[PDB]
Structure formats: C-alpha cells, structure tokens
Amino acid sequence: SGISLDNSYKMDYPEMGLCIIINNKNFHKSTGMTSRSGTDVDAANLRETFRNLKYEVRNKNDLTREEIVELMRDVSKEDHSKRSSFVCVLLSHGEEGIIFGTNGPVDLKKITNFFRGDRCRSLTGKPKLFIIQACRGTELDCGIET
C-alpha cells in the first residue's frame, strides 16, 4: 500500500477500553479524613463523558487501600487484547505520589505498576491514562494579575 507513518495510536480496536473510576467520598473515622463533598458530581460527569467516547465505564465508591489494589490487580489481569486503551480516574484525598483509600494511603506507583509494559502484555504499546484529582502537597498558588 501507500506510505504508512504510525504517528498516532491505533484506536480502532473493537473496544475503546475500560475507564475505571475510583470515587472516594467517605473515609473511615479512624483516619480523620473529611468527606469529599461534590465528588459524586465529578464521578457522574466522568461516567457520562467517557460513555460518549465509547469506553466501558466501571465505577467504584469508597474503596479501602486493600480494595483499590485488588481492583487494579484484577483489572490488569483481564485480557485487553481487543481494547484500544486503558483509563483510570482516581478521585480522593492525596499527597505527592499517594492516593488515599478509605482506611489509608496507596502509592500511585503500586497502582500503575500493574499496567507496566511487561506486566500487562495485552496493553503493551497501548496508551494507559491515569487521571488524578488529589492534592500533591501543601503549597498554595497566590496567582498573578494579568
């Protein structure tokens, strides 16, 4: 055939892929973390937005650190052969490199490692997107008038 460039990811597989949304609103009293009012609005908006992009959206609410890891592990072990990509949205409290389960922190690296090119072969060469709504520290931006 003619000249082939391959500058864009192949996104015409039978399925666009999964869009896993972890929506943590309520945390265990033991952690002292406050409820995240308004997060349900985010979760619903994401479900509708990615639904229209043809993603298989799966939502999970208030997951413990154990459940978050179990969820990610299970999903990474699925056969993604017919899926073009993978999307994971994390909505919770957090700090640099950390996302909070309802009973404690989870290293982002632990979550993403399940999807490494050598650990999830059916996603090798495919875009793996992680969308994170959480703090990354305690700095405040005072901004500048334009």
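In this text, rigid core is short for the largest set of C-alphas that superpose within 1.5 Å between two forms. The first residue of the shown sequence is 1; numbering continues from there.
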property: Stretch departing more from the displayed form, 83-91 or 27-35, Cα RMS in 7 other deposited structures of this protein (core fit); result: 27-35
property: Between the two ranges 118-126 and 14-22, the one averaging a larger CA B factor in the entry; result: 118-126
property: 59-67 versus 29-37 - greater average Cα B-factor per the deposited record; result: 29-37
property: Maximum C-alpha temperature factor, selected from 42, 78, 95, 48; result: 95
property: B-factor third for the C-alpha atom of residue 102 within its chain; result: middle
property: Chain-wide C-alpha B factor ranking for residue 113, given as lowest, middle or highest third; result: highest
